[PDB]
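Chains as they are written, first to last, in UniProt numbering: chain A, 15 to 270; chain B, 15 to 270.
Ideal Cβ placement from N, Cα and C applies to all residues, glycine included.
Worksheet for the structure shown next.
2 protein chains.
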Amino acid sequence: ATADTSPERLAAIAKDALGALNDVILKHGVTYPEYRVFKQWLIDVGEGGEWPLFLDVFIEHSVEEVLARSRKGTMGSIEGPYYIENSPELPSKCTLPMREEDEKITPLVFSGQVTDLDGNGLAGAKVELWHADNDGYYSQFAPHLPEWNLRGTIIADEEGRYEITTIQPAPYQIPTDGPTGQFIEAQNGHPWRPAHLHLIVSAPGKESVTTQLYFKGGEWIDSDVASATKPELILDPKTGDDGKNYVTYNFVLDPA
Amino acid sequence: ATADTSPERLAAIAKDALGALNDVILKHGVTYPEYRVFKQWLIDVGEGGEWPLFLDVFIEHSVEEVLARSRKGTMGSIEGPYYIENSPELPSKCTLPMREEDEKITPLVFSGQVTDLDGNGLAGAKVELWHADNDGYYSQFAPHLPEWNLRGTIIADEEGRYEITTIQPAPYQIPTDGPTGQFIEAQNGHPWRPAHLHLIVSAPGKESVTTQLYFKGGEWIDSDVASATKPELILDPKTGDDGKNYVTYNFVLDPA
Ligand SMILES: Cc1ccc(O)c(O)c1
Ligand SMILES: Cc1ccc(O)c(O)c1
Ligand SMILES: [Fe+3]
Ligand SMILES: [Fe+3]
Ligand SMILES: [Mg+2]
Ligand SMILES: [Mg+2]
Numbered sequence: 015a016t017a018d019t020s021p022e023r024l025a026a027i028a029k030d031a032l033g034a035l036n037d038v039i040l041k042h043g044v045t046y047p048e049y050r051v052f053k054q055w056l057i058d059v060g061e062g063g064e065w066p067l068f069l070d071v072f073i074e075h076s077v078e079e080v081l082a083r084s085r086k087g088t089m090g091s092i093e094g095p096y097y098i099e100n101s102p103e104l105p106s107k108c109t110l111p112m113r114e115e116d117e118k119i120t121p122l123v124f125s126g127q128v129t130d131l132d133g134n135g136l137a138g139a140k141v142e143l144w145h146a147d148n149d150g151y152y153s154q155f156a157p158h159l160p161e162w163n164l165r166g167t168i169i170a171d172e173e174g175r176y177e178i179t180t181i182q183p184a185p186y187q188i189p190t191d192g193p194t195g196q197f198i199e200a201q202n203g204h205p206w207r208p209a210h211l212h213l214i215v216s217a218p219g220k221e222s223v224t225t226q227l228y229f230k231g232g233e234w235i236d237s238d239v240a241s242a243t244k245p246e247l248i249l250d251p252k253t254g255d256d257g258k259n260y261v262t263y264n265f266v267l268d269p270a
Numbered sequence: 015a016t017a018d019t020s021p022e023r024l025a026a027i028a029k030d031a032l033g034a035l036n037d038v039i040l041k042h043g044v045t046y047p048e049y050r051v052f053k054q055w056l057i058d059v060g061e062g063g064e065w066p067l068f069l070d071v072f073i074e075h076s077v078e079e080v081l082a083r084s085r086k087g088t089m090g091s092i093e094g095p096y097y098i099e100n101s102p103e104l105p106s107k108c109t110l111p112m113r114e115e116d117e118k119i120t121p122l123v124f125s126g127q128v129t130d131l132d133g134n135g136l137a138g139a140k141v142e143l144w145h146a147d148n149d150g151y152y153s154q155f156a157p158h159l160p161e162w163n164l165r166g167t168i169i170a171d172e173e174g175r176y177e178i179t180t181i182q183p184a185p186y187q188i189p190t191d192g193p194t195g196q197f198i199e200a201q202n203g204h205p206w207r208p209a210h211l212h213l214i215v216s217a218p219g220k221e222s223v224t225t226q227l228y229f230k231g232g233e234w235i236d237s238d239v240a241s242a243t244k245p246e247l248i249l250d251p252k253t254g255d256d257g258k259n260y261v262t263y264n265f266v267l268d269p270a
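Encoded structure:
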């Protein structure tokens with residue numbers, strides 16, 4: 015990972031960040047024993063390989079909020095720690111890879127079109143989708159799952175249209191066996207995210223958008239531990255006579 | 015490490031700390047590539063075993079500033095990452111353990127008395143001293159040094175008096191082969207601390223004080239990377255006809 019940040023810019027960010035932390039220490043009268051606990055906890059975060067998790071939960075939403083000021087298209091949201099690049103390509107009408115266990119879940123059929131800011135359909139568009147299964151596990155982050163379970167790269171049609179069948183995601187508990195869970199426990203918080211799909215949508219000459227879609231009335235939608243839920247991203251699927259939930263959501267991309 | 019912090023108190027500290035960081039992100043328009051660099055750097059800090067160092071340099075001064083509000087005795091300062099408990103006891107007039115190489119350095123003879131707030135001499139007092147050698151290394155943090163090089167626990171006399179001979183400390187460069195050095199380099203900072211002694215002074219029924227003593231006119235005294243230098247802690251030793259530097263500094267302890 016590399017960035018184009020000048021020493022002047024880093025100096026000013028660092029001064030603000032450390033002054034802020036130091037101001038919090040002074041405000042609350044943080045004590046030596048608390049300092050010692052905080053030191054050991056930072057150590058434990060690294061030892062438990064929890065930096066991507068902790069930062070994506072507690073910090074990433076503010077970085078997307080920065081990016082969100084520059085964009086007029088579909089609302090973005092955090093990537094979170096579970097994206098995997100180069101998931102297998104699928105045709106514009108498709109079903110995500112899933113297990114026999116996954117076929118017992120109520121289907122979700124997600125339709126729409128990738129467009130530009132004027133509403134024009136984009137050819138060449140791709141929709142990379144990934145999400146957790148009904149047990150709350152992500153493929154490649156749980157030894158029991160096929161590596162592409164509920165992951166795919168959907169190639170949209172000449173109009174940018176897609177129709178994707180998957181399973182209805184359910185709420186995700188963040189890992190709590192570790193330092194991040196310990197942090198949440200210590201302050202009587204809760205370690206839940208609402209049910210969600212993740213997507214990255216792209217197209218020739220377009221700025222990709224990384225976003226998430228949630229479900230109206232879903233639990234935790236108003237208290238997402240990751241502060242990543244936006245009202246614009248809440249879907250309201252309708253159940254068909256076949257018992258499947260149908261929903262249409264279009265993506266609007268800013269130009270690159 | 016353990017603390018007596020309530021979930022209410024942690025919740026409020028956490029909200030302030032994360033809101034502060036998030037406010038800095040928004041203020042400066044921190045970008046995704048910078049977020050990615052910051053994530054990897056946090057990882058590298060843990061992998062390089064640099065948490066105690068980074069926190070003692072950039073954070074500990076604010077925790078001592080909290081403690082400093084409660085105390086009327088000798089000004090305190092940070093402990094830093096190099097204290098070792100149970101260093102060998104020495105009589106109230108003594109020389110710190112040192113090597114043949116160390117005997118080539120101008121001696122420093124440090125005298126004084128441990129007192130209470132009224133100026134009364136305290137019996138039972140101890141002065142634990144440690145500091146770097148002229149090469150800028152600390153014993154137990156450099157494979158080539160005897161483990162108690164320039165470390166000792168001085169037992170003060172029935173009046174709380176001490177006379178301790180050591181070598182004149184010289185400026186300390188923080189380790190820069192690692193993530194902390196990288197941080198400082200990236201913002202054109204400098205990785206130096208002024209020359210200093212560390213001390214922890216204690217006595218029956220007294221609150222110990224952890225402090226540091228610096229040297230008038232010494233380099234970096236006005237730009238300590240650790241922000242740990244206080245004007246009250248700057249010594250002004252005078253050179254004797256024997257070529258040794260002499261200085262008297264008394265310690266005043268708050269009651270426990
Ligand atoms: C921060 C975070 C944690 C868990 C997830 O599943 C996710 O998408 C984001
Ligand atoms: C923060 C820090 C770094 C190096 C030292 O020698 C010290 O005493 C303190
Ligand atoms: Fe997720
Ligand atoms: Fe030191
Ligand atoms: Mg609880
Ligand atoms: Mg430089």
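Per DSSP, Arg83 of chain A is one residue of the alpha helix (DSSP H) stretching across 74-83. For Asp256 of chain B, same chain residues with a beta-carbon under 7 Å away, outside a window of 5 residues either side, do not exist.
The C-alpha of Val38 of chain A lies about 20 Å from the C-alpha of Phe68 of chain A. Scanning chain B for C-beta atoms nearer than 9 Å to the C-beta of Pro21 of chain A yields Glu199, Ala200, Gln201, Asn202, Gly203, reported in chain order. The beta carbon of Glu199 of chain A sits closer than 8 Å to at least one heavy atom of ligand 5. In this structure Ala270 of chain B is exposed. Its beta-carbon is surrounded by fewer than 16 other beta-carbon atoms within 10 angstroms.
With contacts defined by Cβ atoms closer than 9 Å, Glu199 of chain A and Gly166 of chain A do not form a contacting pair. Ranked by how close their Cα comes to the Cα of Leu249 of chain A, the residues A:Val261, A:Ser241, A:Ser125 have A:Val261 in first place.
Residues with their Cβ less than 5 Å from any non-hydrogen atom of ligand 1, running along the chain, are A:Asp70, A:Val71, A:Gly94, A:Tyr186, A:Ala240.
In terms of beta-carbon proximity, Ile73 of chain A lines the interface with chain B, with at least one pair separated by less than 9 Å. Nearest to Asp130 of chain B by C-alpha distance, out of B:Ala217, B:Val239, B:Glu114, B:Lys244, is B:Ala217. The alpha-carbon separation between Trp144 of chain B and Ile168 of chain B amounts to approximately 11 Å.
Our two residues, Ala139 of chain B and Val128 of chain B, have alpha carbons roughly 7 Å apart in a direct line. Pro47 of chain B and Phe229 of chain A have their C-alpha atoms roughly 30 Å apart. Within chain A, no residue has its CB atom less than 9 Å from the CB of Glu233 of chain B, the nearest being about 21 Å off. At a cut-off of 9 Å, the C-beta of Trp65 of chain B has a neighbouring C-beta in chain A. In summary, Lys220 of chain B is buried, with 16 or more beta-carbon neighbours lying within 10 Å of its beta-carbon over all protein chains present. Non-local C-beta neighbours of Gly174 of chain B in its own chain, meaning closer than 8 Å and more than five positions away in sequence, comprise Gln127, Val128, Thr129, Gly135, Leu136, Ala137, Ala139, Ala217, ordered along the chain. Leaving aside the five residues that flank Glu93 of chain A on each side, the residues in its chain whose CB is nearer than 6 Å to its CB run, in chain order, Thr224. One thing to note: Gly90 of chain A has its Cβ within 9 Å of the Cβ of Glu78 of chain A. Looking at B:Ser153, B:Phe124, B:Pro185, B:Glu117, the one whose alpha-carbon comes closest to that of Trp206 of chain B is B:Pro185. Non-local C-beta neighbours of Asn148 of chain B in its own chain, meaning closer than 6 Å and more than five positions away in sequence, comprise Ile119, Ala184, ordered along the chain. With respect to chain B, the C-beta atom of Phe52 of chain A has a partner C-beta closer than 9 Å.
At least 9 Å separates the CB of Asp236 of chain B from every CB of chain A.
Between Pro47 of chain B and chain A, the shortest Cβ-Cβ separation is below 9 Å. If you check the C-beta of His145 of chain B against ligand 4, you find a heavy atom less than 8 Å away.
At a cut-off of 9 Å between C-beta atoms, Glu142 of chain B does not count as an interface residue with respect to chain A.
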